[PDB]
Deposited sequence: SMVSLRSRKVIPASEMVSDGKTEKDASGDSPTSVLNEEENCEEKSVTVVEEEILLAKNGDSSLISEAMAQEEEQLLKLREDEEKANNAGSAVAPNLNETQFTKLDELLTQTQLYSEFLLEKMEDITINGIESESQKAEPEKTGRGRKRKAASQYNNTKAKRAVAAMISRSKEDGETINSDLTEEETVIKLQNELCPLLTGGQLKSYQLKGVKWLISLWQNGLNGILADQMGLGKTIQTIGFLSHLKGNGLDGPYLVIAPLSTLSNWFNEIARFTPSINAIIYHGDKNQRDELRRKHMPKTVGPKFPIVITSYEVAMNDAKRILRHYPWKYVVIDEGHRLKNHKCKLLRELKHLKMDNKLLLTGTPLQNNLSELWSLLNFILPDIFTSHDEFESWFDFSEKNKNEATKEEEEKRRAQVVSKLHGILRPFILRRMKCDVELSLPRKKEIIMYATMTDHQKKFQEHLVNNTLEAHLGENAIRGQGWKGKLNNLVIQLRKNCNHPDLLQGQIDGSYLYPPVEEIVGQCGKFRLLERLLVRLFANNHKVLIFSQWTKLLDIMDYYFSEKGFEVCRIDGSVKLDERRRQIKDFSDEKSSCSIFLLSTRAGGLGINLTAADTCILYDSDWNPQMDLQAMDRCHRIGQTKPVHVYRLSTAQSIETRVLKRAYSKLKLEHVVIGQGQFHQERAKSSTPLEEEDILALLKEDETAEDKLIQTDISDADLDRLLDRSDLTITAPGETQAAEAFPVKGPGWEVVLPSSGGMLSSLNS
C-alpha cells in the first residue's frame, strides 16, 4: 500500500499547485484503492462540493461495492438508468446546497453524454474524475464536446495505457486534462525524447507490475500456432479466387444467391481462420447448429483449444477465454454445453446488473462453473477474476493494448497462482499478418516505454 500512499501523496500535491494529472498507474494495481483514498482525504474537512465520477458500466458496480467495503461512510449514489434516475436525483439530497449528506455523484459515459443538461446546472465541480481515459483519445468525439459544457474548475484522468495507437491520442488528452497545453499545432516534439520527458514528468505518474512486493508470480505470454486444415484451405482458395458464394451456394439452404461477402478479404479470411461455420451459417440458413458436433473439430484452432483445455482440467485451475466477435464465443459455448460443462458468459449483449451477479457467482469458489466466456470490449475492462488463473486469447487485433487490459483482468493484486497466457493463432496465414502488425504497434509501444 506504500506505493498507494505515494499515489495519494502525488494527488494531494496536484490539488495544491492547482494542476491536473493523468494517473497512468500500472493497470492491475492501485488506481481505485487510491482514488477513494484521495476522495476521503478531501471529503475529510475539504468536503466534496460538486463531486462527479464517470466510468464504464461494468466498473460502476465494482466501485460501489468497494466503497461499501473500504470506506466507513461516504454519502454516495449510483445515477444509472433513465426516468428512474429522475426520482433519485432529489431523494439524493438538496438541489445545490452541499451538506454532509450531499452524496457522491456516480454516472456513466452515456448518461453523462446524453443528459449533461441536468448536471450542467450544478456548481463548478470540485473534481471530475474519468475512469478510462482511452474513451477521450479522439479530439472530435461527441462526449468531449458535451464534456466541455460542464463548468469544471479541476480535472483528473485515470488510465493504465495512456498511448496505444500513436502520439495524437497523447495530444488530444493533454489539451483536455490540461488546456494549458493547448499546443494545437501538431505539437513541437516533432534528444527530443528527453525534451518530451521534461513536459511529462510534472503530471504523468506510472508504476510497474514488478514494483517491490512479489505478490503475483511472473506471467508467461506464449504463442502456440495451429495448422490450417484441408477444409479451411478449400474455403480460403474459393475466396482468394471466387465463386465461394456459389460453390458453397451449391447448398445455400437460405438466402439464395447469398450476397458475395467479397469485402475486405482480410476480414472474410479472418472469419474463416476463426471457424468456417461462420461462413457456412450465413450462405445456408442451417437453422440447425452443426449437428455432427465433431464438424467443430474441422477447425484446427478449435482442436488445439480442446486439447489445451483437457490438459488444463488435468489441474482444474480456471481458464479465461476472449474473442473479437460474439458469434464465435457462441459456437464455443454450444460445443462445450453439448459435452456438459457449466459456463458463464458476459458479452455486451448481456445486461449490467445481470453480469455483476454472474461474477459474484463465478467468484464463488464452491461453485464449479470454471469456464468463463468473455468478449474483449465486452468485459475485458474493470473485472476482477482472481478466481481464474489462465487467459486464452482466441483472437484479437488492430490494437494490441486492447489485449493487455484483458490479461490483467486475471492477473491483479490478490492473484496468488502464477498466470499463463495462450495467444492461439494459425501458422502461415492471414492471422500472422495481423500478428506482425500488432508487433509493429508494440514496437512503437516499446519505443514509448523506453521513453517512459
*How would you write out the unmodelled ranges of the deposited sequence, numbered from 1?*
1-203, 394-415, 678-765
